[PDB]
Amino acid sequence: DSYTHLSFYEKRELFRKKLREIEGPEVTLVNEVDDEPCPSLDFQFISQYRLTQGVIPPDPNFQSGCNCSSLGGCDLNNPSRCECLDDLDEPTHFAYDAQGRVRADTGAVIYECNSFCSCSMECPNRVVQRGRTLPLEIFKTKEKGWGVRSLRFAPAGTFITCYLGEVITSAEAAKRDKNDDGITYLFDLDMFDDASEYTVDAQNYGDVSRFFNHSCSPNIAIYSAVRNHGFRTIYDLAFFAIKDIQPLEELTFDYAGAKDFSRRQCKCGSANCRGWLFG
Amino acid sequence: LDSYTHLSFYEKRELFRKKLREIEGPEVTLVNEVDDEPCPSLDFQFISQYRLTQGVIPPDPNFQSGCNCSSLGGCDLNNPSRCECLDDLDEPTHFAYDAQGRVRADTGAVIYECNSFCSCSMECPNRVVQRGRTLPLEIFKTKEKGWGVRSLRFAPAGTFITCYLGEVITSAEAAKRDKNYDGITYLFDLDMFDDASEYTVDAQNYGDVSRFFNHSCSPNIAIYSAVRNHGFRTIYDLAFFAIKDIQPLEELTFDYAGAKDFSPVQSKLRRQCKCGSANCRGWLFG
Amino acid sequence: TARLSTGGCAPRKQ
Amino acid sequence: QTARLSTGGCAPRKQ
Amino acid sequence: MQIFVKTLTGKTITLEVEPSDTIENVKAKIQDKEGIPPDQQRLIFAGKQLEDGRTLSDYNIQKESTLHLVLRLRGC
Amino acid sequence: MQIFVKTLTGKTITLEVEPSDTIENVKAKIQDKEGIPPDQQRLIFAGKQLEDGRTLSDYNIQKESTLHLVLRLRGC
Ligand SMILES: C[S@@+](CC[C@H](N)C(=O)[O-])C[C@H]1O[C@@H](n2cnc3c(N)ncnc32)[C@H](O)[C@@H]1O
Ligand SMILES: C[S@@+](CC[C@H](N)C(=O)[O-])C[C@H]1O[C@@H](n2cnc3c(N)ncnc32)[C@H](O)[C@@H]1O
Ligand SMILES: [Zn+2]
Ligand SMILES: [Zn+2]
Ligand SMILES: [Zn+2]
Ligand SMILES: [Zn+2]
Ligand SMILES: [Zn+2]
Ligand SMILES: [Zn+2]
Ligand SMILES: [Zn+2]
Ligand SMILES: [Zn+2]
């Protein structure tokens with residue numbers, strides 16, 4: 001981190017050099033509030049999880065693929081045939097629809113096809129794997145720092161992006177809970193109480209979802225996308241829009257869950273806004 | 001892309017340029033100063049890593065061991081004997097890369113790199129391949145061959161270009177494929193080790209800029225096996241490294257048959273080789 | 001204590 | 001040989 | 001012959017079986033040796049889930065081979 | 001105690017060792033049971049390679065644990 005001999009426009013263009021190398025739809029940067037050039041320039045963008053020491057990665061020996069049609073992928077009309085859907089143990093509907101959007105009735109866990117499946121990459125049940133489709137604008141908010149807004153229309157259920165970063169153990173995460181400014185990038189992989197144990201930190205590496213700001217009335221939510229259905233320790237943290245989003249609307253998600261029956265000031269301005277995200 | 005309506009030359013070229021702009025890493029450009037062909041095939045998706053298929057067993061992390069060079073200060077290159085990742089190397093142990101990040105001239109065909117289990121950072125000098133493409137590559141149209149790739153910047157000997165990516169498939173699936181015998185193919189056998197020659201990378205439907213590299217009997221780049229799981233040898237990165245200094249806009253070409261043997265004098269198949277080299281064998285296999 | 005959380009799968013997240 | 005691209009094997013190196 | 005079934009925990013169960021033992025018989029043996037009901041067993045070999053009707057020989061499972069057991073869950 | 005060794009080709013070997021045993025002794029036992037020279041052996045546990053002079057107890061490898069055997073590359 002030198003960035004002292006770099007000017008305003010030089011720093012902004014360096015950050016945009018980082019952005020233009022991001023895989024997929026373009027990610028851009030605008031500032032309509034203050035004269036800050038860009039977010040921290042030490043940050044490096046990554047396209048997938050960066051596991052660290054002491055993080056047991058998914059063992060592929062416990063992974064099993066379906067044998068649905070290789071041409072058209074698995075058919076959403078016949079979910080019983082799909083072997084990698086026999087783990088939900090319910091009416092057993094595919095998480096997505098024909099249009100690739102998650103269903104409004106689908107639960108919080110997504111079971112997707114893996115390498116062992118015979119279906120192609122165009123399979124209807126590989127939405128998170130295919131990657132981002134929405135161009136996102138990183139913009140300076142007025143009371144929350146940087147944030148992300150969408151540029152094109154996104155219907156409810158549309159996939160957005162994965163929360164990426166360094167996957168670290170509970171010990172390493174407990175060592176780096178320095179939040180030295182109301183600044184936190186720790187996302188606990190606490191979707192399953194029986195596994196947990198891991199946390200994705202976006203402080204130094206991560207995705208554009210790292211700029212997603214908390215809201216007590218969000219428009220997007222987080223889903224656990226699973227490719228090795230056996231393992232529940234490491235999995236994709238996919239962001240899906242649960243509300244219809246117009247262009248230029250900031251993408252926000254709740255930093256916690258419903259938790260019913262069980263900086264520090266929140267500047268989201270919601271009707272149900274408790275003054276702290278505590279997250 | 002349900003293009004029920006005809007896409008013109010301009011629209012096809014623009015769609016391919018948009019795809020190139022969406023590739024991860026530095027920019028990739030498209031040039032055709034030969035004919036009216038708008039672009040390579042649009043029925044393609046660039047991928048930033050291997051896509052494994054059914055029947056291919058992926059690398060098992062239980063057979064992978066990291067190194068503990070964080071106590072040295074992050075995998076010192078002057079102290080390679082202290083790195084666990086170099087255990088399976090020779091007795092004169094040395095990292096593949098030099099101080100400036102280029103593979104050394106005396107480096108073997110196998111590059112053992114650090115992995116998730118190591119205690120170093122992504123800035124470890126033994127993680128060159130994992131950091132990805134660094135040069136701005138231009139897809140151009142060759143005179144006699146199809147599409148080729150060149151570098152807009154100077155590529156000194158030992159520079160890392162990119163990886164050969166695509167679908168990793170079994171020999172059985174590659175046999176159900178290989179209809180591409182009737183005259184382009186994107187099949188690259190993962191055959192660095194005859195003890196673990198099982199899978200093949202097909203860059204037909206999915207792959208990387210490297211799938212546009214052409215063959216030459218006098219190559220300027222060659223293949224290295226970049227291995228992160230040192231216990232596994234059926235799946236590994238097919239990294240490209242420049243074997244001689246490459247001037248700007250010079251076409252990046254590698255030998256499809258790899259490094260030739262030295263003992264057997266005797267020991268076409270697809271096309272007449274039109275690489276134009278003075279030593280051109282004239283028989284390209286692949 | 002202050003980390004982003006999926007909230008657990010115990011609620012359906014609908 | 002086979003009409004596919006190959007590494008060339010272990011013992012031979014870049015030359 | 002002998003085969004080994006590995007759990008996500010790391011437990012390694014040893015089974016005495018024959019190539020003609022059905023996957024149902026293997027699940028019953030797993031139940032006897034560990035108390036895991038067959039309905040919540042998921043036996044996996046070579047990236048594919050083992051089916052009840054077939055035997056070990058059908059899946060080319062030889063001696064001292066390794067099967068992997070995923071305990072089925074419903075509500076995460 | 002009883003421990004396990006998992007090989008690349010899918011085979012799983014059982015071994016009779018003690019916490020006092022050295023990894024060189026474990027490689028010698030693997031040789032005696034499978035015919036693999038100790039110098040051409042890499043034992044891996046919990047993401048770490050096991051050094052020859054050290055003992056199993058130094059790696060906290062308790063009973064019924066599973067080591068992973070990697071055969072060294074010689075060619076080049
Ligand atoms: C994961 S970072 C992403 C935002 C961006 N990196 C920035 O510069 O603010 C989230 C940080 O923004 C602030 N923040 C996020 N949502 C907020 C909200 N709804 N109200 C007030 N502050 C918020 C918090 O202080 C938190 O440290
Ligand atoms: C991986 S593709 C090369 C890039 C791209 N497919 C293209 O348009 O050429 C390999 C095919 O390109 C052709 N090719 C590659 N190098 C050649 C050469 N030196 N002379 C003639 N044809 C060549 C061969 O027909 C081969 O099947
Ligand atoms: Zn599928
Ligand atoms: Zn299926
Ligand atoms: Zn599937
Ligand atoms: Zn609020
Ligand atoms: Zn090291
Ligand atoms: Zn290392
Ligand atoms: Zn390192
Ligand atoms: Zn030639």
# chains A, B, ... in the order shown; residues from 1 in each chain; ligands from 1
$ residues_near_ligand --ligand "ligand 10" --cutoff "8 Å" --atoms "only C-alpha atoms and all ligand atoms" --output "list in words"
residues 215, 216, 217, 218, 273, 274, 275, 276, 277, 279, 280, 281, 282, 283 and 284 of chain B
$ write_last_selection --atoms "N, CA and C atoms" --output "short mmCIF file (atom, residue, chain, number, x, y, z; two decimals), in the first residue's frame"
data_model
loop_
_atom_site.label_atom_id
_atom_site.label_comp_id
_atom_site.auth_asym_id
_atom_site.auth_seq_id
_atom_site.Cartn_x
_atom_site.Cartn_y
_atom_site.Cartn_z
N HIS B 215 -0.12 -24.86 -33.69
CA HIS B 215 1.05 -25.71 -33.61
C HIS B 215 2.19 -25.16 -34.45
N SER B 216 3.41 -25.36 -33.97
CA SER B 216 4.60 -25.03 -34.74
C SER B 216 5.70 -26.02 -34.42
N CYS B 217 6.39 -26.49 -35.46
CA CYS B 217 7.57 -27.32 -35.28
C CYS B 217 8.73 -26.54 -34.68
N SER B 218 8.63 -25.22 -34.62
CA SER B 218 9.57 -24.36 -33.90
C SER B 218 8.78 -23.51 -32.93
N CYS B 273 1.13 -29.57 -42.10
CA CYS B 273 1.52 -28.52 -41.16
C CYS B 273 1.95 -27.28 -41.93
N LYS B 274 1.24 -26.18 -41.71
CA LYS B 274 1.51 -24.91 -42.38
C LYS B 274 2.04 -23.87 -41.40
N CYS B 275 2.88 -24.30 -40.46
CA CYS B 275 3.47 -23.36 -39.51
C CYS B 275 4.57 -22.52 -40.15
N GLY B 276 5.12 -22.96 -41.28
CA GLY B 276 6.09 -22.19 -42.01
C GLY B 276 7.50 -22.20 -41.45
N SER B 277 7.77 -23.04 -40.46
CA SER B 277 9.10 -23.09 -39.87
C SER B 277 10.12 -23.67 -40.85
N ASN B 279 12.40 -25.73 -39.99
CA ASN B 279 12.54 -27.14 -39.62
C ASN B 279 11.23 -27.83 -39.63
N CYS B 280 10.22 -27.17 -40.16
CA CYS B 280 8.86 -27.69 -40.09
C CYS B 280 8.82 -29.17 -40.44
N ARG B 281 8.35 -29.97 -39.49
CA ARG B 281 8.22 -31.40 -39.73
C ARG B 281 7.26 -31.67 -40.87
N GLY B 282 6.21 -30.86 -41.00
CA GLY B 282 5.20 -31.05 -42.01
C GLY B 282 4.12 -32.03 -41.64
N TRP B 283 4.23 -32.68 -40.48
CA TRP B 283 3.24 -33.64 -40.00
C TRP B 283 2.87 -33.25 -38.57
N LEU B 284 1.75 -32.56 -38.41
CA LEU B 284 1.25 -32.20 -37.09
C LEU B 284 0.21 -33.23 -36.66
#
$ residues_near_ligand --ligand "ligand 3" --cutoff "9 Å" --atoms "only C-alpha atoms and all ligand atoms" --output "ChimeraX atom specification"
/A:65-70,72-75,82,84,112-114,117-126
$ residues_near_ligand --ligand "ligand 1" --cutoff "10 Å" --atoms "only C-alpha atoms and all ligand atoms" --output "ChimeraX atom specification"
/A:38-40,138-148,179,181-187,201-203,208-218,252-255,263-270,273-279 /C:2-4
$ residues_near_ligand --ligand "ligand 8" --cutoff "7 Å" --atoms "only C-alpha atoms and all ligand atoms" --output "ChimeraX atom specification"
/B:66-68,83-85,113-115,118,120
$ write_last_selection --atoms "N, CA and C atoms" --output "tab-separated table (two decimals), in the first residue's frame"
chain	number	residue	atom	x	y	z
B	66	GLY	N	0.44	-29.27	2.57
B	66	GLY	CA	1.00	-27.95	2.42
B	66	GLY	C	2.38	-27.83	3.04
B	67	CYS	N	2.96	-26.64	2.91
B	67	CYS	CA	4.26	-26.33	3.46
B	67	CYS	C	4.12	-25.30	4.58
B	68	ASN	N	5.17	-25.17	5.38
B	68	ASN	CA	5.14	-24.28	6.53
B	68	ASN	C	6.22	-23.21	6.44
B	83	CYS	N	11.13	-26.03	1.76
B	83	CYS	CA	9.74	-26.07	1.32
B	83	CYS	C	9.30	-27.53	1.17
B	84	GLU	N	8.19	-27.88	1.82
B	84	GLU	CA	7.67	-29.24	1.69
B	84	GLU	C	7.16	-29.52	0.28
B	85	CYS	N	6.66	-28.50	-0.41
B	85	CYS	CA	6.11	-28.69	-1.75
B	85	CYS	C	7.15	-29.19	-2.74
B	113	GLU	N	3.44	-26.54	-7.05
B	113	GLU	CA	3.11	-25.25	-6.54
B	113	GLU	C	2.44	-25.36	-5.22
B	114	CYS	N	2.38	-24.26	-4.51
B	114	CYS	CA	1.73	-24.27	-3.22
B	114	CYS	C	0.22	-24.40	-3.39
B	115	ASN	N	-0.45	-24.78	-2.31
B	115	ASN	CA	-1.87	-25.13	-2.37
B	115	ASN	C	-2.56	-24.50	-1.17
B	118	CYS	N	-0.97	-24.74	2.47
B	118	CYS	CA	0.26	-24.06	2.82
B	118	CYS	C	-0.02	-22.86	3.72
B	120	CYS	N	1.55	-19.91	3.38
B	120	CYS	CA	1.96	-18.69	2.70
B	120	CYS	C	0.73	-17.97	2.14
$ residues_near_ligand --ligand "ligand 9" --cutoff "12 Å" --atoms "only C-alpha atoms and all ligand atoms" --output "MDAnalysis selection string"
(chainID A and resid 52:53) or (chainID B and resid 65:77 79:80 82:86 95:97 112:128 130 228)
$ write_last_selection --atoms "N, CA and C atoms" --output "compact mmCIF listing (two decimals), in the first residue's frame"
# COMPACT_ATOMS: atom_id res chain seq x y z
N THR A 52 -7.83 -21.63 3.42
CA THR A 52 -6.62 -21.35 4.19
C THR A 52 -6.20 -22.60 4.97
N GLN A 53 -5.17 -22.44 5.80
CA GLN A 53 -4.67 -23.55 6.61
C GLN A 53 -5.70 -23.97 7.65
N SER B 65 -0.61 -32.10 0.83
CA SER B 65 0.10 -31.61 2.00
C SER B 65 0.70 -30.24 1.69
N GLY B 66 0.44 -29.27 2.57
CA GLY B 66 1.00 -27.95 2.42
C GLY B 66 2.38 -27.83 3.04
N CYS B 67 2.96 -26.64 2.91
CA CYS B 67 4.26 -26.33 3.46
C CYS B 67 4.12 -25.30 4.58
N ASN B 68 5.17 -25.17 5.38
CA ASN B 68 5.14 -24.28 6.53
C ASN B 68 6.22 -23.21 6.44
N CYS B 69 6.35 -22.61 5.26
CA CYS B 69 7.37 -21.60 5.01
C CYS B 69 7.00 -20.22 5.51
N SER B 70 5.82 -20.05 6.12
CA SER B 70 5.46 -18.75 6.68
C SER B 70 6.46 -18.32 7.74
N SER B 71 7.09 -19.28 8.43
CA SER B 71 8.10 -18.93 9.42
C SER B 71 9.37 -18.41 8.77
N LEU B 72 9.65 -18.82 7.53
CA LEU B 72 10.76 -18.25 6.77
C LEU B 72 10.47 -16.86 6.24
N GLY B 73 9.21 -16.44 6.23
CA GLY B 73 8.81 -15.20 5.62
C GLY B 73 8.03 -15.34 4.33
N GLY B 74 7.44 -16.50 4.06
CA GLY B 74 6.67 -16.69 2.84
C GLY B 74 7.39 -17.36 1.68
N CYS B 75 7.90 -18.58 1.89
CA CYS B 75 8.44 -19.41 0.81
C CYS B 75 9.61 -18.72 0.10
N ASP B 76 10.71 -18.57 0.83
CA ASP B 76 11.92 -18.01 0.24
C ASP B 76 12.44 -18.88 -0.90
N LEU B 77 12.81 -18.24 -2.01
CA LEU B 77 13.36 -18.94 -3.17
C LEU B 77 14.83 -19.29 -3.01
N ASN B 79 15.92 -20.55 -0.31
CA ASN B 79 15.88 -21.68 0.62
C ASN B 79 14.79 -22.64 0.16
N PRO B 80 15.00 -23.31 -0.98
CA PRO B 80 13.95 -24.20 -1.51
C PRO B 80 13.89 -25.53 -0.78
N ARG B 82 13.82 -26.03 2.26
CA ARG B 82 12.94 -25.93 3.42
C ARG B 82 11.46 -26.03 3.05
N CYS B 83 11.13 -26.03 1.76
CA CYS B 83 9.74 -26.07 1.32
C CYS B 83 9.30 -27.53 1.17
N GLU B 84 8.19 -27.88 1.82
CA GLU B 84 7.67 -29.24 1.69
C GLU B 84 7.16 -29.52 0.28
N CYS B 85 6.66 -28.50 -0.41
CA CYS B 85 6.11 -28.69 -1.75
C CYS B 85 7.15 -29.19 -2.74
N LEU B 86 8.43 -29.06 -2.41
CA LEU B 86 9.52 -29.52 -3.26
C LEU B 86 10.04 -30.88 -2.84
N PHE B 95 12.99 -24.06 -6.63
CA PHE B 95 11.68 -23.68 -7.12
C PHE B 95 11.70 -23.55 -8.64
N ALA B 96 10.53 -23.72 -9.25
CA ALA B 96 10.43 -23.61 -10.70
C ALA B 96 10.76 -22.20 -11.18
N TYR B 97 10.35 -21.19 -10.42
CA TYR B 97 10.40 -19.81 -10.87
C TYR B 97 11.62 -19.08 -10.33
N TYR B 112 5.70 -28.05 -9.06
CA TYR B 112 4.95 -28.25 -7.83
C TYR B 112 4.68 -26.88 -7.21
N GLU B 113 3.44 -26.54 -7.05
CA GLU B 113 3.11 -25.25 -6.54
C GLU B 113 2.44 -25.36 -5.22
N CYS B 114 2.38 -24.26 -4.51
CA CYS B 114 1.73 -24.27 -3.22
C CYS B 114 0.22 -24.40 -3.39
N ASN B 115 -0.45 -24.78 -2.31
CA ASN B 115 -1.87 -25.13 -2.37
C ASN B 115 -2.56 -24.50 -1.17
N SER B 116 -3.83 -24.88 -0.98
CA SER B 116 -4.64 -24.32 0.10
C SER B 116 -4.07 -24.64 1.48
N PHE B 117 -3.38 -25.77 1.62
CA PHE B 117 -2.88 -26.22 2.92
C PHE B 117 -1.59 -25.53 3.34
N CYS B 118 -0.97 -24.74 2.47
CA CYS B 118 0.26 -24.06 2.82
C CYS B 118 -0.02 -22.86 3.72
N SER B 119 1.03 -22.38 4.39
CA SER B 119 0.92 -21.26 5.32
C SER B 119 1.34 -19.94 4.69
N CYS B 120 1.55 -19.91 3.38
CA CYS B 120 1.96 -18.69 2.70
C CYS B 120 0.73 -17.97 2.14
N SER B 121 0.97 -16.80 1.55
CA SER B 121 -0.08 -15.99 0.95
C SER B 121 -0.21 -16.29 -0.54
N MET B 122 -1.22 -15.69 -1.16
CA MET B 122 -1.33 -15.75 -2.61
C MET B 122 -0.18 -15.04 -3.31
N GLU B 123 0.52 -14.14 -2.62
CA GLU B 123 1.70 -13.48 -3.15
C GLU B 123 2.95 -14.35 -3.05
N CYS B 124 2.79 -15.61 -2.63
CA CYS B 124 3.91 -16.54 -2.63
C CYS B 124 4.46 -16.68 -4.04
N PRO B 125 5.79 -16.59 -4.22
CA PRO B 125 6.35 -16.64 -5.58
C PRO B 125 6.23 -18.00 -6.24
N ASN B 126 5.77 -19.02 -5.51
CA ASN B 126 5.51 -20.34 -6.06
C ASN B 126 4.04 -20.53 -6.42
N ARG B 127 3.27 -19.45 -6.45
CA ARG B 127 1.87 -19.49 -6.86
C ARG B 127 1.65 -18.69 -8.14
N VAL B 128 2.60 -18.78 -9.07
CA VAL B 128 2.54 -17.99 -10.30
C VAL B 128 1.34 -18.40 -11.14
N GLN B 130 -1.44 -19.93 -10.26
CA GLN B 130 -2.71 -19.62 -9.62
C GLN B 130 -3.09 -18.15 -9.78
N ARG B 228 -0.87 -28.64 -7.82
CA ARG B 228 -1.09 -28.17 -6.46
C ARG B 228 -1.27 -29.32 -5.47
$ calpha_fit_rmsd --fixed "chain E" --moving "chain F"
0.8 Å
$ residues_around --residues "residue B:210" --least-positions-apart "3" --cutoff "12 Å" --atoms "only C-alpha atoms" --output "VMD selection string"
chain B and resid 28 46 to 48 133 137 to 139 147 to 151 160 to 166 186 188 201 to 204 206 to 207 213 to 215 221 to 223 238 to 241 251 to 254
$ write_last_selection --atoms "C-alpha atoms" --output "JSON list (two decimals), in the first residue's frame"
[["chain", "number", "residue", "atom", "x", "y", "z"],
["B", 28, "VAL", "CA", -8.28, -10.05, -24.77],
["B", 46, "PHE", "CA", -14.70, -19.14, -21.61],
["B", 47, "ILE", "CA", -14.11, -20.72, -18.21],
["B", 48, "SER", "CA", -11.68, -19.60, -15.52],
["B", 133, "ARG", "CA", -2.92, -14.66, -17.07],
["B", 137, "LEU", "CA", -3.47, -11.43, -25.53],
["B", 138, "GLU", "CA", -4.91, -10.75, -28.99],
["B", 139, "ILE", "CA", -6.87, -13.34, -30.96],
["B", 147, "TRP", "CA", -7.32, -18.35, -35.40],
["B", 148, "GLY", "CA", -4.12, -17.77, -33.45],
["B", 149, "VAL", "CA", -3.07, -15.76, -30.41],
["B", 150, "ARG", "CA", -0.29, -13.21, -30.04],
["B", 151, "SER", "CA", 0.98, -11.03, -27.20],
["B", 160, "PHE", "CA", 3.64, -17.57, -17.93],
["B", 161, "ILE", "CA", 1.01, -17.04, -20.63],
["B", 162, "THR", "CA", -2.14, -18.91, -19.55],
["B", 163, "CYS", "CA", -3.50, -22.40, -18.85],
["B", 164, "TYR", "CA", -5.14, -24.89, -21.18],
["B", 165, "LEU", "CA", -8.62, -25.18, -19.70],
["B", 166, "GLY", "CA", -11.77, -27.01, -20.71],
["B", 186, "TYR", "CA", -9.31, -29.31, -28.90],
["B", 188, "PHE", "CA", -5.25, -32.25, -24.92],
["B", 201, "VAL", "CA", -9.06, -31.75, -21.60],
["B", 202, "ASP", "CA", -11.59, -30.89, -24.31],
["B", 203, "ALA", "CA", -11.60, -27.18, -25.14],
["B", 204, "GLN", "CA", -14.27, -27.49, -27.84],
["B", 206, "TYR", "CA", -15.61, -24.71, -22.88],
["B", 207, "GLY", "CA", -12.05, -23.51, -22.44],
["B", 213, "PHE", "CA", -2.92, -21.51, -29.89],
["B", 214, "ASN", "CA", -1.59, -23.03, -33.11],
["B", 215, "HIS", "CA", 1.05, -25.71, -33.61],
["B", 221, "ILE", "CA", 5.87, -21.63, -25.78],
["B", 222, "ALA", "CA", 5.63, -25.06, -24.18],
["B", 223, "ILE", "CA", 3.57, -27.02, -21.70],
["B", 238, "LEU", "CA", -1.58, -27.46, -18.28],
["B", 239, "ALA", "CA", 0.34, -24.22, -17.85],
["B", 240, "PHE", "CA", 1.94, -22.45, -20.81],
["B", 241, "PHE", "CA", 5.41, -20.93, -20.49],
["B", 251, "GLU", "CA", 2.13, -15.62, -32.81],
["B", 252, "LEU", "CA", 2.17, -17.85, -29.71],
["B", 253, "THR", "CA", 2.72, -21.42, -30.90],
["B", 254, "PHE", "CA", 3.52, -24.65, -29.04]]
$ residues_around --residues "residue D:3" --least-positions-apart "6" --cutoff "8 Å" --atoms "only C-alpha atoms" --output "ChimeraX atom specification"
/B:181,185,269-270,285-286
$ closest_residue --among "F:17, F:46, F:73, F:28" --to "chain E" --atoms "only C-alpha atoms"
F:46
$ interface_residues --of "chain A" --to "chain C" --cutoff "9 Å" --atoms "only C-alpha atoms" --output "VMD selection string"
chain A and resid 104 to 109 177 179 184 to 193 221 to 224 237 242 254 to 260 277 to 279
$ write_last_selection --atoms "C-alpha atoms" --output "CSV table (one decimal), in the first residue's frame"
chain,number,residue,atom,x,y,z
A,104,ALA,CA,-40.4,-18.2,-4.3
A,105,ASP,CA,-41.3,-21.4,-2.3
A,106,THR,CA,-37.8,-22.9,-2.4
A,107,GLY,CA,-36.2,-23.2,1.0
A,108,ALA,CA,-32.8,-21.9,2.1
A,109,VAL,CA,-30.6,-24.8,0.9
A,177,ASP,CA,-12.5,-9.9,14.7
A,179,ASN,CA,-14.1,-4.2,14.3
A,184,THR,CA,-16.5,-6.3,9.3
A,185,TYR,CA,-16.2,-8.8,6.5
A,186,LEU,CA,-16.7,-12.0,8.5
A,187,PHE,CA,-19.5,-14.1,7.1
A,188,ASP,CA,-20.1,-17.3,9.2
A,189,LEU,CA,-21.0,-20.5,7.3
A,190,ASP,CA,-23.6,-21.2,10.0
A,191,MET,CA,-26.3,-22.4,7.6
A,192,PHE,CA,-26.1,-25.9,9.2
A,193,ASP,CA,-25.8,-26.1,12.9
A,221,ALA,CA,-31.1,-12.9,0.5
A,222,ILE,CA,-28.4,-15.5,0.9
A,223,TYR,CA,-28.7,-19.2,-0.1
A,224,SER,CA,-26.4,-22.1,0.6
A,237,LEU,CA,-23.0,-18.3,-0.5
A,242,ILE,CA,-36.3,-12.1,-3.3
A,254,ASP,CA,-29.9,-8.7,6.1
A,255,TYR,CA,-26.6,-9.5,8.1
A,256,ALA,CA,-28.5,-12.1,10.1
A,257,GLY,CA,-31.6,-14.3,9.9
A,258,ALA,CA,-35.2,-14.3,11.1
A,259,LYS,CA,-34.0,-15.9,14.4
A,260,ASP,CA,-37.6,-15.8,15.7
A,277,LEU,CA,-27.1,-4.5,12.4
A,278,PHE,CA,-25.2,-6.2,15.0
A,279,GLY,CA,-23.5,-8.0,12.2
$ select_by_dssp --residues "stretch 1-138 of chain B" --states "strand (DSSP E)" --output "list in words"
residues 28, 29, 30, 45, 46, 51, 52, 110, 111, 112, 137 and 138 of chain B
$ write_last_selection --atoms "C-alpha atoms" --output "PDB file, in the first residue's frame"
ATOM      1  CA  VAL B  28      -8.283 -10.047 -24.769  1.00  0.00           C
ATOM      2  CA  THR B  29      -8.833  -8.470 -28.185  1.00  0.00           C
ATOM      3  CA  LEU B  30     -10.020  -9.745 -31.568  1.00  0.00           C
ATOM      4  CA  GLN B  45     -18.006 -20.153 -23.151  1.00  0.00           C
ATOM      5  CA  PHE B  46     -14.698 -19.135 -21.612  1.00  0.00           C
ATOM      6  CA  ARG B  51     -14.909 -28.186 -15.548  1.00  0.00           C
ATOM      7  CA  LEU B  52     -14.895 -31.842 -14.530  1.00  0.00           C
ATOM      8  CA  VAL B 110       6.663 -30.639 -13.485  1.00  0.00           C
ATOM      9  CA  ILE B 111       5.993 -27.519 -11.410  1.00  0.00           C
ATOM     10  CA  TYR B 112       4.948 -28.253  -7.828  1.00  0.00           C
ATOM     11  CA  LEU B 137      -3.474 -11.434 -25.533  1.00  0.00           C
ATOM     12  CA  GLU B 138      -4.911 -10.753 -28.987  1.00  0.00           C
TER      13      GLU B 138
END
$ interface_residues --of "chain E" --to "chain C" --cutoff "12 Å" --atoms "only C-alpha atoms" --output "PyMOL selection string"
chain E and resi 74-76
$ write_last_selection --atoms "C-alpha atoms" --output "mmCIF file, in the first residue's frame"
data_model
loop_
_atom_site.group_PDB
_atom_site.id
_atom_site.type_symbol
_atom_site.label_atom_id
_atom_site.label_comp_id
_atom_site.auth_asym_id
_atom_site.auth_seq_id
_atom_site.Cartn_x
_atom_site.Cartn_y
_atom_site.Cartn_z
ATOM 1 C CA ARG E 74 -34.060 -33.972 5.666
ATOM 2 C CA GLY E 75 -34.385 -30.622 7.441
ATOM 3 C CA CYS E 76 -30.733 -29.529 7.150
#
$ residues_around --residues "residue F:68" --least-positions-apart "6" --cutoff "12 Å" --atoms "only C-alpha atoms" --output "ChimeraX atom specification"
/B:60-65,231-232 /F:3-14,26-27,30,41-50
$ atom_distance --atom1 "atom CA of residue A:127" --atom2 "atom CA of residue A:103"
12.3 Å
$ closest_atom_pairs --of "stretch 29-131 of chain B" --to "stretch 6-13 of chain D" --cutoff "9 Å" --atoms "only C-alpha atoms" --output "CSV"
residue,atom,partner,partner_atom,distance
B:106,CA,D:13,CA,8.8
B:107,CA,D:13,CA,8.3
B:108,CA,D:13,CA,6.0
B:109,CA,D:13,CA,5.3
B:110,CA,D:10,CA,7.7
$ atom_distance --atom1 "atom CA of residue A:166" --atom2 "atom CA of residue A:198"
10.1 Å
$ interface_residues --of "chain A" --to "chain F" --cutoff "12 Å" --atoms "only C-alpha atoms" --output "list in words"
residues 52, 53, 54, 55, 56, 57 and 61 of chain A
$ write_last_selection --atoms "N, CA and C atoms" --output "compact mmCIF listing (two decimals), in the first residue's frame"
# COMPACT_ATOMS: atom_id res chain seq x y z
N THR A 52 -7.83 -21.63 3.42
CA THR A 52 -6.62 -21.35 4.19
C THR A 52 -6.20 -22.60 4.97
N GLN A 53 -5.17 -22.44 5.80
CA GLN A 53 -4.67 -23.55 6.61
C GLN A 53 -5.70 -23.97 7.65
N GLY A 54 -5.82 -25.28 7.85
CA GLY A 54 -6.75 -25.79 8.84
C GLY A 54 -8.19 -25.79 8.42
N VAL A 55 -8.48 -25.66 7.13
CA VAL A 55 -9.83 -25.68 6.60
C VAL A 55 -9.96 -26.94 5.76
N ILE A 56 -10.65 -27.94 6.29
CA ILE A 56 -10.84 -29.21 5.59
C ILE A 56 -11.78 -29.00 4.41
N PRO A 57 -11.28 -29.10 3.18
CA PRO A 57 -12.13 -28.85 2.01
C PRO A 57 -13.03 -30.04 1.71
N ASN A 61 -14.90 -37.86 -2.41
CA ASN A 61 -15.30 -39.25 -2.25
C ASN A 61 -16.70 -39.39 -1.66
